[PDB]
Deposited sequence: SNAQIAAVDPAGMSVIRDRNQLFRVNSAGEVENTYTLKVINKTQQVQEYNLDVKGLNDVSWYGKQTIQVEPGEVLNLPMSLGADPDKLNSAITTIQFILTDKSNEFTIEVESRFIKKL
């Protein structure tokens, strides 16, 4: 039984708000499945140039479910293609535990 949980929703309606970066919006759902307060770091991997906009480090209460709206910005000139595979990563150092959830970063064209 994992000490933490995370799921990710990348929004269907992407406003593509071109920040001279292209943006994508996401909601992270995080749960502490332990009986103690925990601290998590949130990260993304898979973009060679990216701006992060939103919660990065959080304190979560026992059984607390958190809902975390955020966005990623990338310079389109540094994107390899219109669709990039990314992973969001929750790191819970204290239980020496990570969760990885795969998602996508997608440009307008």
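**Q** Write out the missing regions of the deposited sequence in sequence order, one range per stretch.
**A** No coordinates exist for the deposited residues in 1-7, 26-27, so these stretches are absent from the model.
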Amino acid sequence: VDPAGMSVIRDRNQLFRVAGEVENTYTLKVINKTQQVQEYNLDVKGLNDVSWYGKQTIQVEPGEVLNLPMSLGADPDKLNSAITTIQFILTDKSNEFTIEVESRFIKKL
From here on, numbers count along this sequence of modelled residues.
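**Q** Per the PDB record, is the mean Cα temperature factor higher over 8-16 or over 83-91?
**A** Averaging CA B-factors over each stretch, the winner is 8-16.
**Q** Tell me, lowest, middle or highest third: where does the Cα B factor of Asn32 rank within its chain?
**A** Middle third, going by the recorded CA B-factors of the chain.
**Q** Pull the Cα B-factor of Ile58 out of the PDB entry and bin it into the chain's lowest, middle or highest third.
**A** Tercile = middle for this residue's CA B-factor.
**Q** What third of its chain, lowest, middle or highest, does the C-alpha temperature factor of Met70 fall into?
**A** Answer is middle: the recorded C-alpha B-factor places it there.
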